[PDB]
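Colleague: Chains as they are written, first to last, in PDB author numbering: chain BD, 1 to 337; chain BJ, 6 to 143; chain BI, 4 to 99, 111 to 173; chain Be, 2 to 45; chain BK, 1 to 132; chain BG, 1 to 176.
Just so it is clear, CB atoms sit at the ideal spot from N, CA and C, and this is done for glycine as well.
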Amino acid sequence: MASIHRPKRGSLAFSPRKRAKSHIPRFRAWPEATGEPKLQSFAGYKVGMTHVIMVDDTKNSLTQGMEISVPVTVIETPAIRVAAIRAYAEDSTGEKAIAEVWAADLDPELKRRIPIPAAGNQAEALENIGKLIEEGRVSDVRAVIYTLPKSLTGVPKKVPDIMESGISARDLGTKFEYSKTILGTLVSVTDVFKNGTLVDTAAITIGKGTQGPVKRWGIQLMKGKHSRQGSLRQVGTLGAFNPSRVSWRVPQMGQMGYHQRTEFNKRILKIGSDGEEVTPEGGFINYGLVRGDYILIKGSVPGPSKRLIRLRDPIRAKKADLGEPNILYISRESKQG
Amino acid sequence: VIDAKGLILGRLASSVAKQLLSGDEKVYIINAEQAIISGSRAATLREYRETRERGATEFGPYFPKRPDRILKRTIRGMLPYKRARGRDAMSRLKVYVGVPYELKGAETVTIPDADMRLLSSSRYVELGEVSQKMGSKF
Amino acid sequence: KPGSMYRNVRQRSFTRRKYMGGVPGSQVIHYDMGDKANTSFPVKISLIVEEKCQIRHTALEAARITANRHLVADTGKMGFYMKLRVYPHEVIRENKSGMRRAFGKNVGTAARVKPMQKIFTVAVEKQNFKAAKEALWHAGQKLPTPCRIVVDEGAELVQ
Amino acid sequence: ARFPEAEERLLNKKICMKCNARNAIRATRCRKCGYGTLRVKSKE
Amino acid sequence: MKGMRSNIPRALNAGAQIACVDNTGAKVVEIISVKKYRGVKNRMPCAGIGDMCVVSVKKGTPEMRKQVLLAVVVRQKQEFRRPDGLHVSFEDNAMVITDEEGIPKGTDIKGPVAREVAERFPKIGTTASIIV
Amino acid sequence: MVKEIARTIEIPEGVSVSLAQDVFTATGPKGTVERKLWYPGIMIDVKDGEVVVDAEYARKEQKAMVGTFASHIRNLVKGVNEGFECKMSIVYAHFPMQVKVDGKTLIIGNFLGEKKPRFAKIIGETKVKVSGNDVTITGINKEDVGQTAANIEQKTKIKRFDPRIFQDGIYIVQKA
RNA sequence: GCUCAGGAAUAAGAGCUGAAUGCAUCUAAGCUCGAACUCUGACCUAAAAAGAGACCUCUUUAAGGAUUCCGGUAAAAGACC
RNA sequence: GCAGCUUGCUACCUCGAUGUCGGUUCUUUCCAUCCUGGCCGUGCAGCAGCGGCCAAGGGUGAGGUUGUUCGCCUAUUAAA
RNA sequence: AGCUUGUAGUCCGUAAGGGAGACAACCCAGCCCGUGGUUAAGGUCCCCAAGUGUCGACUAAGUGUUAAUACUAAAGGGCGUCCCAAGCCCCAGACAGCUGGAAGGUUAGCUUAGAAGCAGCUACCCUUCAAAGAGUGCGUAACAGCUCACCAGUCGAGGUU
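(1) Using DSSP bridges, identify the partner residues of residue 39 of chain Be.
(2) Which residues does DSSP pair with residue 27 of chain BD in a beta bridge?
(3) Beta-carbon within less than 7 Å of residue 208 of chain BD's beta-carbon, same chain only, minus the 5 sequence neighbours each way: which residues are those?
(4) Does the CB of residue 39 of chain Be have a neighbour CB from chain BG at under 8 Å?
(5) To the nearest angstrom, how far is the alpha carbon of residue 26 of chain BK from that of residue 61 of chain BK?
(6) So with Cβ pairs under 8 Å, would you call residue 4 of chain BD a contact of chain BK?
(7) Just to confirm before moving on: does the CB-CB distance between residue 51 of chain BD and residue 82 of chain BD stay below 8 Å?
(8) Within the 8 Å Cβ cut-off, does residue 96 of chain BG reach chain Be?
(9) Specify, as a first and last residue, the run of the alpha helix (DSSP H) that residue 124 of chain BK falls within.
(10) Using a threshold of 8 Å, state whether the C-beta atoms of residue 46 of chain BK and residue 34 of chain BK are closer than that.
(11) Which residues bound the beta strand (DSSP E) around residue 256 of chain BD?
(12) Do you know how far the Cα of residue 64 of chain BG is from the Cα of residue 37 of chain Be?
(13) Excluding the 5 residues flanking residue 112 of chain BD on each side, which residues of the same chain have their C-beta closer than 8 Å to its C-beta?
(14) Tell me whether residue 93 of chain BK is buried or exposed, calling it buried when 16 or more other Cβ atoms sit within 10 Å of its Cβ.
(15) Report the start-end ranges of each alpha helix (DSSP H) in the stretch 3-55 of chain BD that is 4 residues or longer and not cut off at the edges.
(16) To the nearest angstrom, report how far apart residue 334 of chain BD and residue 73 of chain BD are at their CA atoms.
(17) Report the residue from BI/159, BI/55 and BI/136 whose alpha carbon sits nearest the alpha carbon of residue 148 of chain BI.
(18) For residue 76 of chain BJ, tell me which candidate among BJ/142, BJ/11, BJ/15 and BJ/138 has the shortest Cα-Cα distance.
(19) Considering just the uninterrupted stretch of the alpha helix (DSSP H) at residue 151 of chain BI, what are its terminal residues?
(20) Using a Cβ-Cβ cutoff of less than 7 Å, which residues in the same chain neighbour residue 68 of chain BD once the five nearest sequence positions on both sides are dropped?
(21) Is the distance from the Cβ of residue 182 of chain BG to the Cβ of residue 170 of chain BG below 8 Å?
(22) Closer than 7 Å between beta carbons: that is the criterion. Which residues of the stretch 30-64 of chain BG meet it against chain BJ?
(23) Verify whether the separation of the beta carbon atoms of residue 301 of chain BD and residue 266 of chain BD is less than 8 Å.
(24) Under a CB-based cut-off of 8 Å, is residue 386 of chain BD close to chain BK?
(25) Any idea what DSSP makes of residue 8 of chain Be, helix, strand or coil?
(26) With DSSP as the reference, label residue 75 of chain BI as helix, strand or coil.
(27) Would you say residue 7 of chain Be lies against chain BG (beta-carbon separation less than 8 Å)?
(28) Tell me whether residue 98 of chain BK counts as near the ligand GTP, meaning its Cβ is closer than 7 Å to at least one heavy atom of that ligand.
(29) Please go through the same chain and pick out, in chain order, the residues whose beta-carbon is closer than 7 Å to the beta-carbon of residue 24 of chain BJ, but skip the five residues on each side of it.
(30) With 16 other CB atoms within 10 Å as the buried threshold, where does residue 53 of chain BK fall?
(31) Quick one: what's got a C-beta closer than 8 Å to residue 195 of chain BD's C-beta in the same chain, skipping five residues either side?
(32) So residue 78 of chain BJ and residue 136 of chain BJ are in contact, right, with Cβ under 8 Å, and what is the actual spacing, rounded?
(33) Using CA atoms only, rank isn't needed, just tell me which of BD/151, BD/213 and BD/254 is closest to residue 291 of chain BD.
(34) Would you kindly report the start and end of the unbroken beta strand (DSSP E) that includes residue 264 of chain BD?
(35) Would you say residue 118 of chain BI and residue 27 of chain BI are within 8 Å of each other, going by their C-beta atoms?
(36) If distances are taken between C-alpha atoms only, which option among BI/52, BI/24 and BI/18 comes closest to residue 150 of chain BI?
Rendered as structure tokens:
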């Protein structure tokens, strides 16, 4: 038999396609430190999409210098609290948590997530971590941070979300000093990301529940006469006669969406403080209006509205210093029109 | 506590397996990355990448990557590990890359007949080299 | 039709041509090459097969052609004497329905040779020994058996 | 032009007549396959 | 080829009979294949504005008819977006006969051409009376 | 006559050779060099300004290994004593090669008109000098000098065209 | 809308040093390069890894969890938030 | 000599049935590699060929006739 | 052909138990029940009872680690490595490298004006010489420097078929 070839339906790069074990994306890698100390990640909540008219500043592009309409995602980004500093020791079996110091004073609504750590050992915990770093038991340092969604109104929840973030510094001592400076403080998104820079966005995608292989993997439907013989939206064959089994690579029904996904190289087009600049007439549908500080991300982002979106400094960015975008018009017309 | 540095992999495994089946001791093996496999580097790497990428690794053989876990697997192949006796033997065995901190400074032993200087040539590679060429971080 | 077909000896002889019908004639024309009248060649090598096999007349003709060409090129037209000792006496038959009445029809002739049996003998002078040896190696490359060259006369003349 | 010192390294090697591998100018046998006949690389 | 500023959906697939709108003598040409287009299994060759297709002259003069030619689509009913966010659509689909290089066989083009084709092939723009 | 497998290497004055562990180390006026020379069945002794390399057995492998080890010791002592020099020429037809040294690499710009320069790696403490149309490569390690010259010659390879017409490159005219 | 890489180690191959075999030799040791391959690296999943993990906090008739209630960023039942 | 992918030979399994060709859908594997990557030779100036080696990660499509497999033909295509 | 059809012996069929991974018919063995011992076949690094057994060599290919069996790839080749033997040269200095001459012959005859030793068909070409041919090479429209087959000094031991 002389066969016609096709690329495989869907990607096996995301198998098993199960539901994410948490509603928060977890970062498995952190990029290289390339400058002054700072947090490598922030976290906001997706609001919705709008579009801007901007001058194409992208070097070498055909439309560079002319007016272009660019879709943007609005992400409401209230200040996060640096709740703790955690130290990690590297050994043959990998990284292990070795020490943690919690900030002396923490927000009372953190009790919705965890019983509040007391204002106990912070000075001696920090000196213990300093001794550990001096004696070489510490491989690196991360900052445990959490969001404060109570200030938002389109997100109904008041329980904070907690996550670890890397610190970008040239040396472990510099990392420890910066973490001590930022410990217990409220960091704004301008203290993590700058306008016009590329970032990576992680989020839990839109949940679709249980979906068939046609929607879930993009398999072809039965065609022509076969379309009305009783197996229309349904895979042609589960396998060969031998091997006597259904491969895991055969497209099948199952959970669709509500997965963790990372998008790369999303450009920040605006860091705003007043949500009236971006909120349309009538508000964002099912969300409301922006009230705190916000961010405009060029293009689309994984997740629906109100989903927690984690932003991190780019890990596979190609282009060098991009610049500050020239946003000439932010559309606030009614999205419900 | 056996130091696997400069020891033939199969002969050390046979010795430790027979000791475990004699069944009066817990055996610890340290520096598993420093064990020796005789034969040409190309042939050993070829056979080990074949064994690593062989099976139906979604639902088939799962060949380990770390050198200590590979040595544990090699000893497992010389045991009745599906039996209660072999299960106890494998439960009484611990293998380490380098020296674990708790065993640090403990008195070690070496198998004289497993020593690598009894080999007649230089055609050998280390288990750590095999593991890191298969992509194991240790 | 590969020579591996009628190569192994598994059977009795089949040579009495008066009880068979229609054997194709052999392809081998001459059996004595070089200078046939002279016999005072000092060196005399031979090619012996080392397995019990059947050699078809076409294989014999190919080996004879290659050896004769090499000898004529190196030693000259009358610088050598070459003798092909064996004649194709066995009749090779083929089954040309299936396996009913499978006794075959005669398709050719072959020589049934034994281990250490001489196939070709080449007589030359002292200075032509290596050329004869090389030509006979080329001839042995065309035969369906492993072969070896042996010196029959002139061992002290060569070394 | 053609430079002799470049020609010595580029065109002054033998080629195996069965696998085409380059061999030394003095080599009587291919290193890759051991073939006994080697031709000089054809520089014309 | 040179990139266009707009995003063009490949709207016309193989078998479409498009009106030919130059003075070459071809009235209706059927798309046979699309140049520089590699497909996938079961997918018909697709062409949007700015694409060059191999066509067969179905109507027109008898000299043009049954000839395999090259044509460039200059009008398509499927809407396409300019870089500045405005969507453009024509009232019909329309093509013009050209060579491999992009030169039109005709001399005048009745009807408006797309600015995308007018820029990708500058001679189509000069041949056309108006570029929209 | 009697086949002797052992080989002797004279140690010139000012040269201190040691074989602690299984590593040879030669110190001389021009520098110091260290190599690993270990093979089972081969023994090396240093004594009184003279190194002797012998094989316990006498098979062809041991003969080859004693020869190779003696040659390596000779090359190491010669490198620490007088060093090694390798001469290469620069030839081109139409594009003038821009050859320079940027540290531990050699930059070869405009090679056959290319807009991207070639990079040739330098090995060890090998000194490369571009003295106009020629390159001199001096060092204390024959291995390092030979590999630097090989790196240059392979970086200047014309991997596309007919070698009988295109002959641009940097070629060794004298080995170490 | 986003979706280059880089590095390591190699195949064929090209070389360095180098004896057997005074010379020569890419090879017998040794060494450097060398692919859309392999590994690593920017992704997903992964304490049910039986060596069944690390750290911190809170609290030991408590911490906290579930059920009922109003819901939806989730959802076939469960679950999840 | 290899393979067992053509056709034969044979009758060991199945006649208290292992549903028969071709297509379609979907998955996987081999390399004796068509393209894509790296090489070597050339009767290799370049362009482009011809021959061979490594390499199975990806690709290998759309159509007219014919049930076709196969094959013919068409226009694209890096290759179909 | 694990095909078909004979013949002698022995088996399975109807044959346990032990051993070969499993194995109708391959090896031991024909086998009443229980106990003890010693053996057969086969095995003795672990899985697995008993050798990380001894002596002398070979193999570098994970070759192999496969009595018989249809369950184990051929011709050809290898300056891969280990052996035996026989020729020839060799401290009256072999083989390979380091040196120095390849000066008299001929520019041998070759239609077309031109391949004047490498298109080409032929020799006791010098008196004689420790040394120089009717021709081994990137190169010559007709000429050459630059490379050989040769004795010479060289360190100094085996070389070659």
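Modeller: Once the coordinates are examined:
(1) Be/17
(2) DSSP, once it has assigned bridges, lists no residue as partnering residue 27 of chain BD.
(3) 256 and 257
(4) no
(5) Cα-Cα distance, rounded: 6 Å.
(6) yes
(7) By the CB criterion at 8 Å, residue 51 of chain BD and residue 82 of chain BD fall outside the cutoff.
(8) no
(9) 122-127
(10) yes
(11) 254-256
(12) Their Cα atoms are separated by approximately 23 Å.
(13) Hits under 8 Å: 158, 159 and 160.
(14) buried
(15) As far as the stretch 3-55 of chain BD is concerned, it has no whole alpha helix (DSSP H) run of at least 4 residues.
(16) 16 Å
(17) BI/136
(18) The alpha carbon of residue 76 of chain BJ has as its nearest neighbour, out of BJ/142, BJ/11, BJ/15 and BJ/138, the alpha carbon of BJ/15.
(19) 143-154
(20) Cβ within range, chain order: 54 and 56.
(21) Since the first residue shown for chain BG is 1 and the last is 176, residue 182 of chain BG is missing from the structure and cannot be characterised.
(22) Cβ proximity to chain BJ below 7 Å picks out 39 and 40 from the stretch 30-64 of chain BG.
(23) yes
(24) Residue 386 of chain BD cannot be examined here, being either before or after the span of chain BD that is shown, 1 to 337.
(25) Secondary structure at residue 8 of chain Be: helix, using DSSP grouped into helix, strand and coil.
(26) helix
(27) yes
(28) Because no ligand of any kind appears in the structure shown, any question about the ligand GTP cannot be addressed here.
(29) 30 and 32
(30) buried
(31) 268, 269, 270, 271, 324 and 325
(32) Contact flag wrong, Cβ pair sits at about 12 Å.
(33) BD/151
(34) 260-272
(35) no
(36) Closest by alpha carbon: BI/52.
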